[PDB]
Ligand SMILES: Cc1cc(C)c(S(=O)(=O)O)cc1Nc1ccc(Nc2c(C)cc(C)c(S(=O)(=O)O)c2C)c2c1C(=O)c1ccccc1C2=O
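Before any questions on how it binds or moves, here is one chain, the form deposited without the named molecule, in structure tokens.
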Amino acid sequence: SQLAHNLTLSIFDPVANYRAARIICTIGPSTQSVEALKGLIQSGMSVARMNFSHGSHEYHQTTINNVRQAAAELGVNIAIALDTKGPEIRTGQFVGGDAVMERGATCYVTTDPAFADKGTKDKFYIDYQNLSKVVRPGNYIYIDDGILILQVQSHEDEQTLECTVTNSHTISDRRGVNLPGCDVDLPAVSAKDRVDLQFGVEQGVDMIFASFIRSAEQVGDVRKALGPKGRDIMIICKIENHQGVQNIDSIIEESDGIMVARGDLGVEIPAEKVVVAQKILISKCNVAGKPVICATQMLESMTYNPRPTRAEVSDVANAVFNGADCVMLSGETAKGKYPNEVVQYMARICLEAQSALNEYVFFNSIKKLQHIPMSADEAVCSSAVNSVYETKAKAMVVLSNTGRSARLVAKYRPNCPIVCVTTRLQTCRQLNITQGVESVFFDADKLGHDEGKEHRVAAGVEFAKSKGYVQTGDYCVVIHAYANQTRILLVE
């Protein structure tokens, strides 16, 4: 009924008084300082992503410290995400630093280490040791962000494949390689990830964006890598090839959330198919009640120009229409010229798309898929959201300690803000990747367990009033405990 809803809109009408979608910003040279982080917060950042593909621990420690200091000064809670380098397949080095590959030529790719330092156009190293048992004649090998394509012809021997060069491209040392038709069986985490995951645990990071996740079992290996002290850290799986797409259900089941990495998927999969995989993965997460992030190539052209292209604008709005909880900036904020303006524009686009989006369609499609009998939690949250639509309540207040009930309510897509009142700061930070929720910390050790829930409910209603969401005479729907209890409150 989005179609029926479009009929009634006018683009000269006011936008909503709140933005539900959440903006993740990658921190780098343009943005690491406390003042630049403050600008990013004020522009609309909810999450600071650290790309551990680059920078040492010391560099990321400065990110960590500066985010906390910026957030403390503005009086907000900002989530910190550790995005891992992950396992990789790269070529070796070449004699003269470079290899000119020509359409029609035959070359040999080998996994023998002796060729690591001495590659040429005719024969060169690929560091993936299982390369030969996982490829068949006919498969393609992509190298250099998929620009050079080789076709496998035969096994020259146990370690060496004879390949045709399908297209001309010059490659330099240590380029990335992809196998679009094969199951890559590299481990879940690299040796470097293990070191980086431990550091992320020691430094209190909120979530991991775990690279190259291919199967459900690898999620548990990331979890083991985080150790017992890391058990509350969220694992968001980055879906980057066909195996991740194919195994999405069981991956979603084990993960705490999903990243749709469109540019990585796009190396292996036609761009038109990635548009469609983005729709599927996002709807499956919406149905699982798990946050989903739309990432890479979002307003890329605004890295160096003051304005993005019109197609990039439609990409960002369409991620919100698809159902994304979050939209993500990489080089635009890490190294770009206009970090503040890009985040501000991203927020505006999201806000505009949300004003057009019919939330009732998400609520109703999601509710119709529940199997009866529902459990108590599910019944209470979907009813509570139903009660919002039925009374036209203007806010929800959900008391949640771990954040579970807040995410379960957000899953059902009310058409008003959700204020989560929690007794854990780390819940305030982790809910920054859930659309449509804002969190209020209630310090139980300072103020009391509030067993009767009245102080926490008042803290929620007060926050909603300070934002203009509710006034005297409006309804607010309250949920508390996971969450088996609801009230419809008349606001004073």
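Quick note: we count residues from 1 along the sequence shown, nothing fancier. We call the rigid core whatever largest set of C-alpha positions still superposes within 1.5 Å between the two forms.
Below, we refer to the form solved in complex with the named molecule, which is not included among the displayed structures.
For the candidate set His242, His155, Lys121, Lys335, a heavy atom within 4.5 Å of the named molecule in the deposited bound form is found for exactly one residue, namely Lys335. In summary, among the residues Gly230, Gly146, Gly331, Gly181, the only one with a non-hydrogen atom within 4.5 Å of the named molecule in the deposited bound form is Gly331. Heavy atoms within 4.5 Å of the named molecule in the deposited bound form are found in exactly one of 66-74, 37-45, 24-32, 438-446, that being 24-32.
By the criterion of a heavy atom within 4.5 Å, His54 is counted among the residues contacting the named molecule in the deposited bound form. Contact annotation for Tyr59: at least one heavy atom lies within 4.5 Å of the named molecule in the deposited bound form. Proximity of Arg49 to the named molecule in the deposited bound form falls within the 4.5 Å heavy atom cutoff. Shown here without the named molecule, the chain has only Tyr304 in 291-315 lying with a heavy atom within 4.5 Å of that partner in the deposited bound form. Positional change of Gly97 between this form and the one not shown reaches 2 Å or more at the C-alpha, relative to the superposed core.
Positional change of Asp173 between this form and the one not shown reaches 2 Å or more at the C-alpha, relative to the superposed core.
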